[PDB]
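The chain below stands alone and is given in structure tokens; this is the form solved without its partner chain.
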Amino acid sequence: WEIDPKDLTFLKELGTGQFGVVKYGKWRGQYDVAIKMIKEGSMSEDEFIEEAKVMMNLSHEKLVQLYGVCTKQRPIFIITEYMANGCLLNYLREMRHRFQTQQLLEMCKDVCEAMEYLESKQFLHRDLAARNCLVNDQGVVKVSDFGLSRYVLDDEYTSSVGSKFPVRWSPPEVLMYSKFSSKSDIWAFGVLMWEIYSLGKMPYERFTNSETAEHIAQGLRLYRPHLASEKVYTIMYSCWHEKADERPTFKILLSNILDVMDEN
């Protein structure tokens, strides 16, 4: 899906990410979109365009929808489904005192549904976290920026000892051997559940990344947030098995989440 940049209208600056400036605009004067303007040197562009077809085939309600790309010009554009309430982490922090427990679980469910679908397509996110989930005007959470980490050119982000690497969302096998799998996405999802139920707190606060790597290797895990039931915590904790093959699938996690709902 190559978009014609003439069909795009820029309206507002939405901020900055790993690829640079992100803008809000419209496609053909009607559809609200987000447009990532890829800073030169920030992306492995050839490698991205080479593997763009598969991202185009990924479609799910709880996945942020890709509209298309603009590659006949520089900077490259990536155009996506706009989400009015922005990223989940700040949404949690900003609406912290308004959340009911049922809502926190529905958020987990939204995300898990998306990841189950990705799991089914053998597609990895690689940087799952609240900051890379977005929220729309009706409070629906959707998974964002799935797979883009592979294309980042920044040693501080690509290196496990880098300052931007998602250490706090990474299992031991990633920090040690850089072995990404479904089960690394699983681990990350548990940390995400923790972000949700803690209402936007930073994992392992006052720990450095290295200290965090040290302690999870030694078996330390994130404490149960006040608003998390024991049933809920058991779900997120199951994502943090030292051994990846003892970790559940997203299909199972979703069943767990549904069972907790049903009981309530």
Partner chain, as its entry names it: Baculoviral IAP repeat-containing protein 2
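In this text, the rigid core denotes the largest set of C-alpha atoms whose superposition between the two forms falls within 1.5 Å. Numbering follows the first chain given and starts at 1.
There is another form of this protein, the form deposited with its partner chain bound, and it is not shown here; the text below is about that form.
Which one, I49, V54, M202, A217, lies within 4.5 Å of its partner chain in the deposited bound form by heavy atoms? Checking each option against its partner chain in the deposited bound form, the one that comes within 4.5 Å is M202.
With heavy atoms only and a cut-off of 4.5 Å, decide whether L89 touches its partner chain in the deposited bound form. Contact check for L89: yes, within 4.5 Å of its partner chain in the deposited bound form.
Heavy atoms within 4.5 Å of its partner chain in the deposited bound form: does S181 have any? Output for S181 is no: heavy atoms all beyond 4.5 Å of its partner chain.
My question is simply whether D137 lines the interface with its partner chain in the deposited bound form - judged by any non-hydrogen atom within 4.5 Å. Flag for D137 set to no.
May I ask you to check whether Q103 falls inside a 4.5 Å heavy atom distance of its partner chain in the deposited bound form? Output for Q103 is no: heavy atoms all beyond 4.5 Å of its partner chain.
Entry of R74, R96, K164, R150 that shows, once the rigid core is matched between the shown form and the other one, a C-alpha shift of 2 Å or more: Comparing both forms, the shifted residue turns out to be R96.
In the deposited bound form, whether the C-alpha atoms of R96 and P203 sit closer or farther than here (change of 3 Å or more): The answer is farther, because the C-alphas of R96 and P203 separate from each other in the deposited bound form by 3 Å or more.
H97 and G139: do their C-alpha atoms lie closer or farther in the deposited bound form than in the form you see, with a change of 3 Å or more? Nearer in the deposited bound form, by 3 Å or more.
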